[PDB]
Amino acid sequence: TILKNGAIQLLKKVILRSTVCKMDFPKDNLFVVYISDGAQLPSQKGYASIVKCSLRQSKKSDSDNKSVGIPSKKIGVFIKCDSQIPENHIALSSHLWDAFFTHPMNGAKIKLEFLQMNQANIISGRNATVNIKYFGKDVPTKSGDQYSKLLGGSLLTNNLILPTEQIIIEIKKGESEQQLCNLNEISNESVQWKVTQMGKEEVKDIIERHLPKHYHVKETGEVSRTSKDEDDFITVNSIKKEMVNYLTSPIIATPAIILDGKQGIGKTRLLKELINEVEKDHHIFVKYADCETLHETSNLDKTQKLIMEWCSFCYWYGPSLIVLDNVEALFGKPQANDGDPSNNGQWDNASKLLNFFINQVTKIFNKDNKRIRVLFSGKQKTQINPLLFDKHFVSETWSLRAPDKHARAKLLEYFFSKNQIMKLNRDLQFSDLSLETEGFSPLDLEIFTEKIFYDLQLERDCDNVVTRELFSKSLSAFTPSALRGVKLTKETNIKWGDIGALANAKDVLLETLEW
Amino acid sequence: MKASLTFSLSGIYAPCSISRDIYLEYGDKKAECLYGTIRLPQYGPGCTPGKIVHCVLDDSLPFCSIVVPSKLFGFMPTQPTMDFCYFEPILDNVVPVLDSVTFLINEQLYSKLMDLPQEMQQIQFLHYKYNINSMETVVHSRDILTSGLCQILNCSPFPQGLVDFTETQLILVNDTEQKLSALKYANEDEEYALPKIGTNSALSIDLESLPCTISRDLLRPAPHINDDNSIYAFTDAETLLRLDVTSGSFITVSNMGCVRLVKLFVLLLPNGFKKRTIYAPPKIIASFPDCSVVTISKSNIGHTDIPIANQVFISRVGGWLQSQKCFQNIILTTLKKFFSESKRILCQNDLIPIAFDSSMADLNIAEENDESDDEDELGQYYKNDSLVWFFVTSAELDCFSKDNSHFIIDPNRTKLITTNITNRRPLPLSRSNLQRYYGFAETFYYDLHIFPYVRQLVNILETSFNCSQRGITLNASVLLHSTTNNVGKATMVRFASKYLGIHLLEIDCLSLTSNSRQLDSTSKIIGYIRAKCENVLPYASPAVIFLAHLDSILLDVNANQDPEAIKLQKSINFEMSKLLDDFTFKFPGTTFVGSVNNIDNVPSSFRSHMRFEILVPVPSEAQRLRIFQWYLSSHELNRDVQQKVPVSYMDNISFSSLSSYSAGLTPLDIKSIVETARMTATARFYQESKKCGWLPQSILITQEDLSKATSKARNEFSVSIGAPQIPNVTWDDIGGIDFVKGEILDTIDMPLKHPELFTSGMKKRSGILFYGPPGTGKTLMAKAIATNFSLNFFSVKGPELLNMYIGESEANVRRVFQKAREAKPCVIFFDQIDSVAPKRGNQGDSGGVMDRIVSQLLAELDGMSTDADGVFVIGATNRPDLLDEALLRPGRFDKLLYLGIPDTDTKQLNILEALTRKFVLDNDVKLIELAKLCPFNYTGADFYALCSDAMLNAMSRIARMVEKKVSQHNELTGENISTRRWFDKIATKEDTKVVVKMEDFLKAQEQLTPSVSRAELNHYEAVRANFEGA
Amino acid sequence: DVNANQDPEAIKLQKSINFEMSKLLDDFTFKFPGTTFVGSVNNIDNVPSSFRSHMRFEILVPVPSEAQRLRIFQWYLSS
Ligand SMILES: Nc1ncnc2c1ncn2[C@@H]1O[C@H](COP(=O)(O)OP(=O)(O)OP(=O)(O)O)[C@@H](O)[C@H]1O
Ligand SMILES: Nc1ncnc2c1ncn2[C@@H]1O[C@H](COP(=O)(O)OP(=O)(O)OP(=O)(O)O)[C@@H](O)[C@H]1O
Ligand SMILES: Nc1ncnc2c1ncn2[C@@H]1O[C@H](COP(=O)(O)OP(=O)(O)OP(=O)(O)O)[C@@H](O)[C@H]1O
Ligand SMILES: [Mg+2]
Ligand SMILES: [Mg+2]
Ligand SMILES: [Mg+2]
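The record lists cryo-EM as the method behind this PDB entry and 4.1 Å as its resolution.

Listed under Catalytic activity in UniProt, the entry text for chain B is "ATP + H2O = ADP + phosphate + H(+)". Under Sequence similarities, UniProt gives the following word-for-word description of chain B: "Belongs to the AAA ATPase family."

Let us now look at the interface of chain B and chain A. Taken together, the contact pairs 53 residues of chain B with 51 residues of chain A. With 10 residues, helix α16 (residues 667-690) of chain B is the single largest residue contributor to the side of chain B that touches chain A. Split into classes, the residues belonging to the side of chain B that touches chain A amount to 17 nonpolar, 19 polar and 17 charged.

So, about the site of ligand 2. Residue and element names in this part refer to chain B. The environment of ligand 2 is formed by 14 residues, the closest being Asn486, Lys489, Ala490, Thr491 and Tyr631. With respect to ligand 2, the side chain of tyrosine 446 contributes an N or O atom lying 3.3 Å from a nitrogen atom. For the shell around ligand 2, the secondary-structure elements that each account for two or more residues are α9 (489-500), α13 (621-631) and α16. Examining the composition of the shell around ligand 2, we find that 3 residues originate from one element, α9, more than from any other. Looking at side-chain class alone, the shell around ligand 2 contains 6 nonpolar, 6 polar and 2 charged residues.

Moving on to the sheet that holds strand β10 (residues 144-146) of chain B. Residues and elements named next belong to chain B. Strand order across the open sheet formed by 4 strands is β10-β11-β8-β13, with mixed pairing between neighbours. The outermost strands of the open sheet, each flanked by one partner alone, are β10 and β13 (169-174). Pairwise comparison of adjacent strand axes, ignoring direction, gives a mean angle of 25° for this sheet.

Residues and elements named next belong to chain B. Near ligand 3 there are 16 residues, and of these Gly775, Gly777, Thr779, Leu780 and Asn878 occur at the shortest range. Between ligand 3 and the protein, one listed contact pairs an oxygen atom with a backbone N or O atom of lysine 778 at 3.3 Å. At a separation of 3.3 Å, an oxygen atom of ligand 3 approaches a polar side-chain atom of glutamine 832. Burial of ligand 3 by the surrounding chains reaches 72%, relative to a free accessible area of 640 Å². Put simply, the parts of the chain that give the shell around ligand 3 at least two residues each are α19 (778-788) and α24 (940-972). Class assignment of the residues belonging to the shell around ligand 3 gives a composition of 7 nonpolar, 7 polar and 2 charged.

Turning our eyes to something else, we now look at the interface of chain A and chain C. At the interface, 13 residues of chain A touch 10 residues of chain C. No other element matches the 5 residues that helix α14 (residues 442-459) of chain A contributes to the side of chain A that touches chain C. By residue class, the composition of the side of chain A that touches chain C is 3 nonpolar, 6 polar and 4 charged.

Another aspect to go through is the packing of helix α12 (residues 405-418) of chain A against α14(A). The axes of two packed helices give the description: the angle between them and the distance between them. Residue and element names in this part refer to chain A. Two elements in contact, α12 and α14, have axes separated by 10 Å at closest approach and are oriented at 40°. Comparing their axes, α14 and α12 come out oblique. Of the two elements, α12 crosses α14, and the hand of that crossing is right-handed. For the pair α12 and α14, contact is made by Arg408, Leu411, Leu412, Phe415 and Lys418 and by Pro442, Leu445, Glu446 and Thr449, respectively. Per-class residue counts for the contact of α12 with α14 are 5 nonpolar, 1 polar and 3 charged.

This brings us to the pattern of salt bridges. Residues and elements named next belong to chain A. The full count for this structure, using the stated rule, is 37 salt bridges over all chains. One salt bridge connects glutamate 446 with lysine 418, and the closest N-O pair in it is separated by 2.9 Å. Of this pair, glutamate 446 sits in helix α14 while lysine 418 sits in helix α12, and the two are 28 residues apart along the sequence. The buried category is assigned to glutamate 446, whose relative accessible area is 16%.

Now for a nonpolar patch on the surface. All names here are of chain C. On the surface, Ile72, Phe73, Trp75, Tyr76 and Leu77 cluster together to form a nonpolar patch covering roughly 720 Å² of accessible area. Relative to the helices and strands, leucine 77 resides in the segment after α3 (66-76). Assessed through its relative accessible area of 66%, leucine 77 is described here as exposed.

Okay, the sheet that holds strand β26 (residues 504-507) of chain B next. Residues and elements named next belong to chain B. The 5 strands are arranged β26-β27-β28-β25-β29 in an open sheet whose pairing can be described as parallel. The outermost strands of the open sheet, each flanked by one partner alone, are β26 and β29 (613-615). On average, each strand axis in the sheet is inclined to that of its neighbour by 20°, with strand direction left out of account. Of the pairings in the sheet, the one linking β26 to strand β27 (residues 543-547) comprises 4 bridges and is parallel in character.

Here we come to helix α17 (residues 703-720) of chain B. Under the 1.5 Å per step criterion, the end-to-end length of α17(B) is 25 Å for 18 residues, consistent within 8% with the ideal 26 Å. All of the buried residues along α17(B) are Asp705(B), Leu706(B), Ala709(B), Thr710(B), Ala713(B) and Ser718(B).

On to unusual backbone geometry, then. All names here are of chain B. In this structure, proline 542 follows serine 541 across a cis peptide bond, with omega equal to -5°. Within the secondary structure, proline 542 sits in the loop between α10 (521-534) and β27. At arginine 765, a position not held by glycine, the phi torsion is positive, near 50°. Within the fold, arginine 765 resides in the loop between α18 (738-748) and β32 (767-771). For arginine 765, a relative accessible area of 32% corresponds to the partly exposed category. Located in the positive-phi region is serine 865, a residue other than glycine, with phi close to 80°. Structurally, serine 865 is set in the loop between α21 (849-861) and β35 (872-877). Looking at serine 865, the relative accessible area reads 65%, which means it is exposed.

Attention now moves to a negative patch on the surface. A cluster of acidic residues, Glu367(B), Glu368(B), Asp370(B), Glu371(B), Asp373(B), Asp374(B), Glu375(B), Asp376(B) and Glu377(B), forms a negative patch at the surface. Note that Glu368(B) resides in the loop between β22 (351-356) and β23 (386-392).

Before going further, it helps to spend a moment on the packing of aromatic side chains. The tally for this structure, following the rule as stated, stands at 45 aromatic pairs over all chains. Taken together, a centroid distance of 6.1 Å and an interplanar angle of 40° make the contact between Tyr43(B) and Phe234(B) tilted. Linking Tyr43(B) in the loop between β3 (34-39) and β4 (51-57) with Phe234(B) in strand β15 (residues 232-235), this pair joins segments that are 191 residues apart in sequence. The class for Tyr43(B) is buried, based on a relative accessible area of 6%. Residue classification places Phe234(B) among the buried positions, given a relative accessible area of 2%. For the pair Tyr438(B) and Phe440(B), a centre-to-centre distance of 6.1 Å together with 45° between the ring planes defines the contact as tilted. A relative accessible area of 11% places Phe440(B) in the buried class. The aromatic ring of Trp316(A) is capped on one face by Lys109(A), whose charged end is 3.1 Å from the ring centroid. Cation over ring: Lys451(A) sits above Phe57(C), and NZ or CZ is 4.6 Å from the ring centre.

What counts and how
- Residues numbered from 1 in each chain as written, not as in the entry; some residues may be left out.
- Chains lettered and ligands numbered in written order.
- Part of a larger assembly, values for the part shown.
- Heavy atoms only, no water.
- Residues with missing side-chain atoms left out of burial classes, pairs and counts.
- UniProt positions renumbered as here; feature names shortened; annotations may be inferred.
- Contact = heavy atoms within 4.5 Å.
- Helix = DSSP H or I, 4+ residues; strand = E, 2+ residues; numbered from the N terminus.
- Nonpolar A, V, L, I, M, F, W, Y, C, P; charged D, E, K, R; others polar.
- Near = heavy atom within 4 Å.
- Polar contact = N/O pair within 3.5 Å; in protein donor to acceptor, adjacent residues only side chain to side chain.
- Pairing = 2+ DSSP bridges.
- Axes fitted to C-alpha atoms, helices over the stretch in contact; angles between N-to-C directions.
- Areas by Shrake-Rupley, 256 points an atom, 1.4 Å probe, with all protein chains shown as cover.
- Parallel < 35°, antiparallel > 145°, perpendicular 65-115°, else oblique.
- Left-handed = near helix turned anticlockwise from the far one by under 90°.
- Salt bridge = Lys/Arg side-chain N within 4 Å of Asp/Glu carboxyl O.
- Buried < 20%, exposed > 50% of the residue type's maximum accessible area, 1.4 Å probe, protein only.
- Patch = residues over 30% accessible without salt bridge, like charges linked within 9 Å, V, L, I, M, F, W, Y side chains within 5 Å.
- Expected span 1.5 Å × (residues − 1).
- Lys, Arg positive; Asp, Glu negative; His and termini not counted.
- Charge placed at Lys NZ, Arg CZ, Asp CG, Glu CD.
- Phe/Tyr/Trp six-rings, centres within 6.5 Å; stacked < 30°, edge-to-face > 60°.
- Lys NZ or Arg CZ within 6 Å of the ring centre and 35° of its normal.

Put into structure tokens, the structure is as follows:
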């Protein structure tokens, strides 16, 4: 088939899946897309688009008419071959995402088309022209030459929005195909650029299109957001390695994994880094729930819709993963009993959801092993509803035991660095500094460090971070989370000494309590 | 790589000619003998495992073509052969060498082999006989060297590899049973030019479902762009010759007034389908209540079919899915997609199958587009999970009304028009396995000859089916109940449905409201049920309404309840009862198939109507064998994974032992085992692939893995019942307790090992208790049994049972025994029985609950109706006299074992060695004087204190030594580190290894007291005298 | 605090606020600088763990001693 322009020809349609493996290249290009090594590329250039996801549109599209129906948009793209990315996946560089007005999520279907053509490759075949018009609230006017250097330096197609700087690319030269046009193969003397501001009426008319404002939540820029309170993670324990090795295996036993823990011992941050890792080098889509934020859990019919929606999305996308922090809120057996029929104790209001979820998941897992998998976490293994172990949903388990001596050093080092002002004296060292901190955990440690920062800042009458001989005193005033909740006592002030003839006993005590 | 294929009658080990292009551009030029691997693509759910071959250059072969001996696959190229395969030349020409190969030989050749004089001479004779060479010839498995003479019985290291014919062991086995006579190289069952002369009119032949889908690439001919796969039929070549046309244009199938037009292709040779039969897909078969035999005829006028496609009339068949709100949209879309094809043909009374994905009900992929909108490749990601039909009635005739038998539908002229819901019977499982064809999640294929209970259900349903022409309202409700979850009730129901071809309604507990039911919950339930049913029953004949987990909805009256809350329960009960019988006489053939996990709680008002109640036992030894045979089957493992390397089990597995070793496990547990085995095998395969060693082309499950996967499954179960994590004591620590050791062995294990002599209902004396002075192993023996015997170990933490209220102790005891009884091979450890079972009815006691509880013990422990005696009971006390006699009887506690103080230097040395076992002892001195110097009033526990004290002293010595070393270092430096810092900055592992020298023992022994006085010991001695002296 | 002898619905709706109060403290601490959450209680033992641990500083306010009540008197009798 030959395109509307007689010099351009169509070859074949193909479908692939997106990835965020961060393939990079210089500024000259904006629409580079990386195909995998394998079947040779029938053409160097092409067209691309994404098949938009949508709900069932039930209840008249959730009471929204959606009268402005649009068939998305068609884009042109460079395509290049790479060896790292798997066969079925497609790499979509940082640009051209904002064109689709969709966040660069891991998995999404790409329609890809290979384009052939004869004439327009010739250098300076005809003069090129285009207008880079400001769409929304805009930076003051700038030269079109630097815009061309920055925008579509090698290739572009009309009707492309860009919310990254609120601009529109347009041209109506006349008798023009309104299709793909190459730029870097054309000399500067055979191309023209101009800039204007778009009319308010046309701006609001275009705003009617499907343009989800990505920065509706306040941000300082595309490269900086205040949400990043913590932007590092310390490889204290092997478990992150384990889960990465097992969860991503080509074949798995049972859909589910369970991640137990203890009060603040690591769970949420560990899962958030597991997301941040697994999303990159293994092309796994992830849906994060945090069931606590989920409202109206006990409304079974309403919650069931979200339960179905989760797995529906997860199945539509590529090999995916489901993760629930603090599961016991949504699928937890109350376990409190005074009198109840055995069947209702087996099947109460909460478990119904669990059975539905299990059945729905198994419906997929039993016909596509690598498609969908779930990863629960909760305060305690056994505490969770027995259905999981009964129905054989969870197979392997892991526990975040409190970090060992060798590990705490790294954690304290990192938390000390985080405040960027605290530092030890030449005479003091980390590894010894930790040993007194027995029975702690990262919550304990982080609050203890803040406590040290306060006690050094005012209570020592010094500006610089004097950091010895107050450590013990501060610790004395501290109470680890575990101890904090039960009836310990330190009331006795009588010193280590004050011994008498009780030496013959104190020896023994040393030999059985301290040694 | 894809290579053109042809066959020859050469030898099995003859080199395989390969084209010059492949031999040069991909074949290794440095290899003296080039080896490759070939995969034969065949009509099935997956490609065959690769077979290795040796190849050589051949200039006569055209572009990308190969020639191989047909005898490598047990046939000859008389019938049309396949035209291509997938091939790859091994990189680096890596191949493994088998250490041993097992061959099966005929009697005559074995006699010849003895007659042959010498081992080397026999080796050379075999070399000449079957072209087997050392380090040159490659062998395979399950192959035949020659028809009816020899066969490769087994190959241990790998399915295929080189043979070190100079050293590789050849396990030659004489065929004493003449099994080799069953071998058959695809030979003909004779052949006649004209078995019937001039039979051009018609031929009668069998019809059976095509076992799997068909891929166009495997087709010998070159059909057009469209309208092919809907009317395919396949047969043997000679059957085509009997029809006088080789793969003729069109055929017609006519019986019982139904005539259909079909297309017949040739069945390709390598497939192992049956002979002289029609193989067709479900599309055509569904049209008939087909007889096992069917007649076919030529139809040349089919080539001149007419496109009269105007205003066609379509109808949705009755069915569970068709009446669902959400599915209807995707059903419409997929039907329009199916009829979007240019040239599909159709005729009246035809059933057209329509597959679709169950979970895409909500994923509207995109709106209709002006151009470049198509589904073909977009669908490849998802595979279907549900299936429906559509029933076609009439069509326009136009000026071509002279004939209406068969016609085409054209999208340029056909429009979607539909009538109301029709009805028609499904397809019985016995005639066509639709799931198999469409790769669905196959319902387990029960075998009525073996499983008792399923036969009852199928018989009842088929009786209600056959009574249709008797025409009476004999239909009866059926209730399934089980002692435990996950026993396949819903599966067996689905089996019955598919077998008898009965539309199935699967209502379940995905209800709308169950908490605070006062909010009109009764309506929300019953109206939902009535609406769901009423949209299906008037169009299903017969029909089945299946209510899963009915137990948790029709709850019975509670003992303690709100007086008005229970009213809703009563109302729902009664209305359910009403709607139960309403369907009985509002429609013919309706059967109510309910399921319950405990029949005790079903309401008597509802249950009393019930007239058939089938208990579904956990599968016994016989069944588990079949279940394993199923889940391990090729058509199960290879499914649903899409791994690029097919899967299979190694033939060395053994159903018979596996079954017996998996006792008590439910089917779901079995599947869990299989899945875990699959995981471990895949992990092994990818680990080997990561390594530099030879890479198998298939991943093989191994019994050596199942042996431990079953153990892990059992440990999972043991965690389910909440048993404690007892420490890992070993059977060897127990020391000087040989007598009691053997006594315990004679009961815990003797009737458990070789379970045939004791296999009877006898009183197997499941009771035993230890009694005697403190600290002589009573708890340790239990701790050992807890892990060394694989019996579930329940701990009764002293007076754990006793409780606040009047009757909850009596509930706790019964709950403990009930839960233990759930897992038959279980142990009960009553630690310090004194606290729980004091002497009944003494004056010096108050409250009386201690009497009630001991009475309850006496009751439940022994009682009457007791069976499955595997529940052992092990008790311990310091002193038994506080126990009541009624416990000191056979059936409860037969022998009281007095684990007394050893009083014997042999035993003393034995216990001293057993205690010292696992830590190093310096051998410069002999330990026996430690026995000789202690008086016999010393006790097993105080010898433990002796050993630990001596150890602690000897290790305090090392502590002082390291203290001296660190002090010296601090003196050398600026005293800048303590001991703690020393232990992370510096390490002297070998220095810290404390080794005790018996001087330490001779120091310690002077300081430690006996654990009991003579006063107490004489007391326990007298106790023993009373109980044992007699 | 968590109630061991209360209906499950009440316990769940109480856990809801117990968690959300922590979440609210987090979000307010994040949103603006200087925001200082100063809560008060009359019996520490009743505060849930989910809040007892996360909180930084605990100050024990005692019954005034001799040196203090003198000042308190001198205050409340001032003109
Ligand atoms: N290994 C680690 N590396 C880096 N930061 C860590 C690590 N462990 C904990 N932290 C930090 O300490 C915080 C402690 O809270 P954490 O995420 O462990 O608890 P949580 O799982 O949300 O708790 P809860 O169990 O109460 O729901 C983390 O949010 C993170 O900021
Ligand atoms: N006897 C069996 N043979 C084969 N598969 C079985 C058997 N019993 C159960 N299954 C498996 O279990 C699933 C369906 O049966 P399932 O265990 O859900 O039965 P059920 O009667 O609904 O159980 P329950 O009411 O105890 O939950 C399928 O995955 C099926 O393969
Ligand atoms: N003969 C022995 N063999 C092995 N270990 C022994 C022996 N005698 C004593 N011990 C050790 O000393 C302790 C004695 O354990 P034992 O089983 O006698 O405890 P028990 O039943 O609680 O005793 P008690 O009679 O005081 O109630 C254990 O730590 C055990 O390891
Ligand atoms: Mg958390
Ligand atoms: Mg069930
Ligand atoms: Mg004891």
